[PDB]
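Breakdown of the fold
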Amino acid sequence: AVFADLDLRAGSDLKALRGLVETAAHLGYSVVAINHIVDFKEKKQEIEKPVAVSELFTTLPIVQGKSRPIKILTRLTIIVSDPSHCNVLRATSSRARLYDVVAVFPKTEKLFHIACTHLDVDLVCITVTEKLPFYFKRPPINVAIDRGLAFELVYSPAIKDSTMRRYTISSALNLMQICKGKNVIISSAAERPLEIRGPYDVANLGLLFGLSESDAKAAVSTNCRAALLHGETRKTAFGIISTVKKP
Amino acid sequence: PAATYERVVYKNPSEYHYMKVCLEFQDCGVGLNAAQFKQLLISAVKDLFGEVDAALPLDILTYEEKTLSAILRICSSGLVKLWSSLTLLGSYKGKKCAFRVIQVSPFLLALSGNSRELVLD
Amino acid sequence: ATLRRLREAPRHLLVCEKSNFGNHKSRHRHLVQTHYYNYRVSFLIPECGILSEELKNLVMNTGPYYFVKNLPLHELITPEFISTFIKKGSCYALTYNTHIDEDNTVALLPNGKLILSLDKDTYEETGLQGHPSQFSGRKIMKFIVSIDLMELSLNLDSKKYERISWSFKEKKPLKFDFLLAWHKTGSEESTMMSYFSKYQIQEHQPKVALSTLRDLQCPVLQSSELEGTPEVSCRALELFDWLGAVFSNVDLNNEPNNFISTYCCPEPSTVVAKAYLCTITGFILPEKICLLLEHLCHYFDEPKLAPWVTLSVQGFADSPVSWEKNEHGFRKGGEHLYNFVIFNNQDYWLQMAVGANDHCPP
Amino acid sequence: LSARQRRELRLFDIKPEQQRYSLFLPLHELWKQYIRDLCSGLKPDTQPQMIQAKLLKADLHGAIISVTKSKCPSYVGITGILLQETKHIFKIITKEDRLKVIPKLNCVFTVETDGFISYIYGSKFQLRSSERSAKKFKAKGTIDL
Amino acid sequence: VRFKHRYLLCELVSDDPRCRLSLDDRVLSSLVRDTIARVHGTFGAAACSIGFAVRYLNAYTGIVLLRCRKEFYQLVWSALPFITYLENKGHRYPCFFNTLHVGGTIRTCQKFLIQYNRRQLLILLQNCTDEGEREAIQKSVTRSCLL
RNA sequence: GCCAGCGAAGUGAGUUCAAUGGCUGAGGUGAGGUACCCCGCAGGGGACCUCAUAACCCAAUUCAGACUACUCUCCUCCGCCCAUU
């Protein structure tokens, strides 16, 4: 029953980051998750100290609700088109062990097949910009919903154009018609310093997609916590949690 | 003289829905008007969802200038379409406006008293 | 399928009743006393400018209440707190600004039942026996644990009391911001400022808002007709929607312009020169609402100009249990409210407004 | 042979319940010294996946557990050292003489090390636990508690 | 593993057979998308970008068979009367009219087209009373009886 | 081990560029509340209102049996833990 969990694609500078954190803490949010877009052309890996939130923010974000300390997550969104770049991401399962939730973005149907079949990821990114048609096979979706794969739908087409709005709503209606709507969570991107709307109306932005009259909000509020759970069971251990506790 | 007892139970007699929204304009160029807000509400649903769905029976209550707050009503048909139209951020001139909804009710009393904070200290 | 989801429904329940004050079967006093948590108590009188002092002294003395920051739950199960506040009066307690579908919410009943609605994590970490209450289809969202303190006060050495004490003290210390009140029904006086002196207790008075509205177009009613006769009387539900429109500080005529506002007043009606409006906002005790309802009943003893007065009470929109057994959920909104339309021949109307997912009592 | 070995039993009775639990105290010291001689590294910090490998590959027979979250609330708040282990349950002994049977169905156990605390989700840990140290531990399923 | 498709027949009723000769798949698709974009927004027109497509077209006959989804055929068939003002090389005014709505099932849709064509042949005969068309009618009846 | 086909009408649904569990209301069942009615063993029976009636999945010739995927639902054998006499 953990609400207020979305995925943000936002890094420009510290000032815009502080503004987005203050805006999210003001409106309705209690967990901020920052994505980092990495494409297949650059192939860069800077994982050790790239962001450093706690050394630069001031000790607490204050919200209007229960006034609880906001947990801040650092996630990685990897755009993967080539199959060799997917093999590079296969090589990163033992070399560098950070970035609690690993989010792959597929473009090839064979690569999307082996992503749901063999490749150990947390949440598959599905965004459609500038004419990307894609078919859906149902038994890997069944293995995905049996495993725990929550499908990410990162949306921000309303700010730039309207054709991008059309392709996103068409791909989302196709996803809701084929995937049947078991675990699909939607999230907003942040390039401009104000690209966030109300938290209760994200439920209707998912209800325009479909998925239920109420289990859209119930499914995002359950499956984002289940996504943090899946990332934690990938990070710590698959059945064990070992934490150093020195009182 | 008349004194008696009678139990009457209704099913969905509400037929209306009200929205209290506080406006958060980004730029300092606040050239608001009562007619221009209505024109923006018409032009948003037209390009976003439809001109047929833009002329839904809607009106504005307690339109406040400095406080930047208003109440919009639509009947029980296009409330979802109104929420999504105000979600997808239809603009007017090129200064992009953030439209953030405070509260929605089917009642003008539970909305008018308080629902959001319920104590502000 | 999706087009029907665009326009299906939010759920609505609106129940209207008519009754007598001099009737022995009238359970309005039980319905006010056994309703516990209240936020906004407003009353409306047509054709009355100056308020009497007897009602003004009742309005200015509806509180007070108390606010304690970070109070642990194991203070609420001590025998001193039971023998001091619970056994000697009506003690009311509720957590502050914790959502019922999102966060943990604890409430205390005057019968002695501490009822706490928890999520799955807190229900597993405390280890108390409860029941599955709020679902998500096949998954379970929120549990409710009820602990009857009056039965445990008779046997303080039982295993149940030490189990709950070990669960609250050492197993999972839960702290919340508590709103507190205590209706005194005891000869031994002991204030709450001296008991909770270790934590930052704050005494607060309810806010009083007074309004005198001009040229208000009030509908004409019949006492012995709920549905309303054609062309003589109006409907009580349209009068309730107009009541909400008046309490939203909105009262205008037809305005043909670009920003078209079509609003039909309930007709036939009567123009009222002065409308007195009072709103009390805070942690309202139901016994003060009982004295207010008795004073509004006895207001029509003298020949007055008001045909009917209005008493609307909106409760807390973030409480676990309201209307004596019913669960207050939050499906994108929804509240619970009750109204009184008091006539001059001791007849009244009992309205009940229900939000999205909540059961209605008789 | 199996039905011929099931004559008396190999399981506990009423008679070993009253065995004065302080006599079972050197089993905890044995397990603690076995953890001290197994890991043999404490001071700076080192490799929590080495700790997950030691907690997967070793037999947890005769160890201190405590139920920290479970689907039944009455199971939660139970500590003690464990004595038996079966397909989907295992049996522990607690304080003043009484023993409890905790099922590994949907629950998680806090285990106290010499200087560490480990949460173990007892969902996939099942099926004749000599199979755990043998083979076949893959990455399937998450547990929401 | 499949999706229940819906189909619809529409007749273009107009004179001046340059309008009958002015038909193309891309032009009709862009016309229907542009006239839905005026009536419906992104949600209505973009669902026609994935679900709606041209399926069967005849130039001289003027019968157009189109596809549409289960949750969108009401929106498509409500968007069909608002197809107005086709601007082209000449000043034309074409207009669609629905014959019958067939729930998928292309085979009986082709069956109903044959009976509609026979009704369009046989009823036009008595009012004209001309042998030059009647000879082609007799040839068409003979060729249909050879089938 | 081997050895036996019928091109002509149209399946208590028979489609194949691949239709058929759509809406409303009262009763069934699992529950809650009662200021309704009848009968006099504290009570019993009927009456009024609301919530839940899902998931697995989809037929192309049929049937029998076995399999795997189920949980609104019913008949039993049970185990553990909590509380009482």
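Numbering of residues starts from 1 on every chain and follows the written order of that chain's sequence, so it may differ from the entry's own numbering; residues lacking coordinates are omitted. Written order determines the labels here, with chains lettered from A and ligands numbered from 1. Shown here is not the whole assembly but part of a larger one, and the values apply to the part shown. Side-chain metrics in this entry use all non-hydrogen atoms of the structure; hydrogen atoms and water are not considered.

Method of determination, as given in the entry header: cryo-EM; reported resolution: 3.92 Å.

In the nomenclature of the PDB entry, chain D corresponds to Ribonuclease P protein subunit p29 from the organism Homo sapiens. In the PDB, the entry goes by the title "Cryo-EM structure of human Ribonuclease P".

Within the PDB entry, the label attached to chain B reads Ribonuclease P protein subunit p14, and the organism entered is Homo sapiens. Per UniProt, the comment on chain B under Subcellular location is "Nucleus, Nucleolus". UniProt positions are given in the numbering used here, feature names are shortened, and annotations may be inferred rather than shown by experiment.

**A short note on a positive patch on the surface**
Residue and element names in this part refer to chain D. Note that patches include only residues with greater than 30% relative accessible area and no salt bridge, and the join distances are 9 Å for like charges and 5 Å for nonpolar side chains (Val, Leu, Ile, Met, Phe, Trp, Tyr). Surface accessibility in these figures is a Shrake-Rupley result with a 1.4 Å probe; residues are shielded only by whichever protein chains are displayed. Here, a salt bridge means any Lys or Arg side-chain nitrogen found within 4 Å of an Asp or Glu carboxyl oxygen. In this tally, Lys and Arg are treated as positive and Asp and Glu as negative; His is ignored, and so are the chain termini. By convention, the point assigned to a charge is CZ for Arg, NZ for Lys, CD for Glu and CG for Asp. A cluster of like positive charges, contributed by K124, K135, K136, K138 and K140, occupies part of the molecular surface. Counting from the N terminus, the helices are the DSSP runs of H or I reaching at least four residues and the strands are the DSSP runs of E reaching at least two. Mapped onto the secondary structure, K136 falls in the segment after α4 (130–134). The exposure class of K136 is exposed, given its relative accessible area of 76%. For every residue, the accessible area (1.4 Å probe, protein chains only) is compared with the maximum for its type, and the residue is labelled buried under 20%, exposed over 50%, or partly exposed between those bounds.

**Quick notes on the sheet that holds strand β2 (residues 31–34) of chain A**
Residues and elements named next belong to chain A. An order of β1-β2-β4 is seen for the 3 strands of this open sheet, with the pairing classed as parallel. Sheet topology places β1 (5–8) and β4 (71–74) at the edges, where each strand pairs with a single neighbour. The sheet shows a mean angle of 20° between the axes of neighbouring strands, direction not considered. Any two strands with at least two DSSP-identified bridges between them are counted as paired. Interaxial angle, 0 to 180 degrees, is taken between N-to-C directions of lines fitted to C-alpha atoms, where a helix line uses only the stretch in contact.

**Observations regarding helix α5 (residues 106–128) of chain E**
When the terminal C-alpha atoms of α5 of chain E are compared, their 33 Å separation across 23 residues agrees well with the 33 Å that a helix rising 1.5 Å per residue should span. Looking one or two places after α5 of chain E, you find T129 of chain E, whose phi comes out positive at around 55°. To estimate the expected span of a helix, subtract one from its residue number and multiply by 1.5 Å.

**A look at the interface of chain C and chain B**
What makes two residues a contact is simply this: any of their non-hydrogen atoms within 4.5 Å. At the interface, 45 residues of chain C touch 43 residues of chain B. In total, about 4,100 Å² of surface goes out of reach between chain C and chain B, with carbon and sulfur atoms giving 60% of it. When the buried area of chain C at its contact with chain B is split by residue, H12, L14 and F259 of chain C rank highest and sum to 14% of it. Across the contact surface, chain C and chain B share 1 salt bridge. Across the salt bridge formed by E17 of chain C and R7 of chain B, the nearest N and O atoms sit 3.8 Å from each other. By the criterion applied in these results, polar contacts are pairs of N or O atoms within 3.5 Å in which, for protein atoms, one can donate a hydrogen and the other can accept it, and in which residues neighboring in sequence qualify only through two side-chain atoms. The tally of links from chain C across to chain B stands at 9 residue pairs in polar contact. Summed over both partners, the accessible area (1.4 Å probe) lost when two parts come together is defined as the buried area.

**Comments concerning the nonpolar core**
Membership of the largest hydrophobic core comes to 68 residues, with the highest contact counts inside it found for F151 and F209 of chain A together with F43 of chain E. For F43 of chain E, the residues in contact, after removing those within four places along its chain, are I169, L173 and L208 of chain A, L48 and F49 of chain B, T2, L3 and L6 of chain C together with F72 of chain E. Remark: nonpolar core denotes a set of buried residues (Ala, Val, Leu, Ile, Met, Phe, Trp, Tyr, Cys) joined through side-chain atoms within 4.5 Å. Formed by 36 residues, the second largest nonpolar core is a distinct cluster that contains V32, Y299, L311 and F340 of chain C.

**Some points on the sheet that holds strand β5 (residues 76–79) of chain A**
Residue and element names in this part refer to chain A. Here 3 strands make up an open sheet; going across it, the order is β3-β5-β6 and the pairing parallel. Of all strands in the sheet, those bounded by a partner on one side alone are β3 (37–38) and β6 (102–105). Of the strand pairs in this sheet, β5 and β6 are connected by 4 bridges, and their pairing is parallel. The partner of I78 across the bridge, within β6, is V104.

**Quick word on the protein's contact with RNA strand F**
Whether a residue is near a molecule or strand depends on its heavy atoms: it is near if one of them lies within 4 Å of it. Taken together, 37 residues form the shell around RNA strand F, and within it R4 and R138 of chain C, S74 and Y75 of chain D together with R55 of chain E come nearest. By atom count, sugar and phosphate contribute 79% of the portion of RNA strand F lying within 4 Å of the protein. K100 of chain D places a side-chain nitrogen or oxygen 2.8 Å from a phosphate oxygen of RNA strand F. Between RNA strand F and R107 of chain E there is a distance of 3.1 Å, counted from a phosphate oxygen to a side-chain nitrogen or oxygen. Broken down by secondary-structure element, the contributors of at least two residues to the surface near RNA strand F are α7 (159–171) of chain C, β4 (99–103) of chain D together with β1 (6–12) and α5 of chain E. Examining the composition of the surface near RNA strand F, we find that 3 residues originate from one element, β4 of chain D, more than from any other. Its residues assigned to classes, the surface near RNA strand F comprises 9 nonpolar, 7 polar and 21 charged. In this classification, the charged set is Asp, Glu, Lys and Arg, the nonpolar set is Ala, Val, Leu, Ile, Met, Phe, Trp, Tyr, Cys and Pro, and all remaining amino acids, among them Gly, are polar.

**Notes on the packing of helix α6 (residues 202–209) of chain A against helix α2 (residues 79–87) of chain B**
The geometry of α6 of chain A relative to α2 of chain B is characterised by a closest axis approach of 9 Å and an angle of 110° between their N-to-C directions. In terms of their interaxial angle, α6 of chain A and α2 of chain B are classed as roughly perpendicular. Pair α6 of chain A / α2 of chain B crosses with left-handed handedness. Together, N204, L205, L207 and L208 of chain A of α6 of chain A and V80, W83, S84 and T87 of chain B of α2 of chain B make up the contact between the two elements. Here the residues of the contact of α6 of chain A with α2 of chain B are counted per class, giving 5 nonpolar, 3 polar and no charged. Here roughly perpendicular refers to angles of 65 to 115 degrees, roughly parallel to angles under 35, roughly antiparallel to angles over 145, and oblique to all remaining angles. Crossings are assigned a handedness: left-handed for a near helix turned anticlockwise from the far helix by less than a right angle, right-handed for a clockwise turn.

**Quick notes on the state of the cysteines**
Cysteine sulfur atoms are paired as a disulfide whenever they fall within 2.5 Å. Taken as a whole and judged by the stated rule, the model has 0 disulfides over all chains. Considering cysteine sulfurs only, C179 of chain A is the nearest to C116 of chain A, which forms no disulfide, with 9.2 Å between them. The closest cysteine sulfur to the non-disulfide-bonded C19 of chain E is located on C95 of chain E, 8.5 Å from its own sulfur. Take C19 of chain E: its relative accessible area is 9%, and that puts it in the buried class.

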